[PDB]
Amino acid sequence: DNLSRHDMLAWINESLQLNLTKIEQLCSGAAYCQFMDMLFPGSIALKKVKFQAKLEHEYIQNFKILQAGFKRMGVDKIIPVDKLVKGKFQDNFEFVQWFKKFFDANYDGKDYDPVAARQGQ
């Protein structure tokens, strides 16, 4: 029941008001951090997230932040960070399919402004 890459990008971009053009760009970890903030406000150290990360060390730090949020919230998932940060399609697509299912199961209707969330950092 995997979404197409096109439908997945549309969901990400609309939900978070982002401008991704490639599934591979999820390698930065920033979108995942914002989704976790959206699901569980306060679970993520948003002040430390690099929203427009350009280099691997920045991606890794974003994923460290995500991992801490998962741990705090009792989410059972080892994130394959070492693979994801390389920006290849297969690993990133596999993880996003899982993540969307996770998000869909945990969404509880609370208002979130994803643009405001990126302001004032």
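Counting begins at 1, following the sequence as shown.
Per the records, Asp1 is among the residues left out by at least a third of the other compared entries, whereas the shown structure includes it. Coordinates for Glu24 are present in every one of the other compared entries of this protein that model residues on both sides of it, well short of the third needed to count it as often missing. Judged by mean Cα B factor in the deposited record, 72 to 80 ranks above the other of 72 to 80 and 30 to 38.
Taking the PDB entry as given, 44 to 52 carries the higher mean Cα B factor of the two stretches 44 to 52 and 61 to 69.
For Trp98, the recorded CA temperature factor ranks within the lowest third of the chain's modelled residues.
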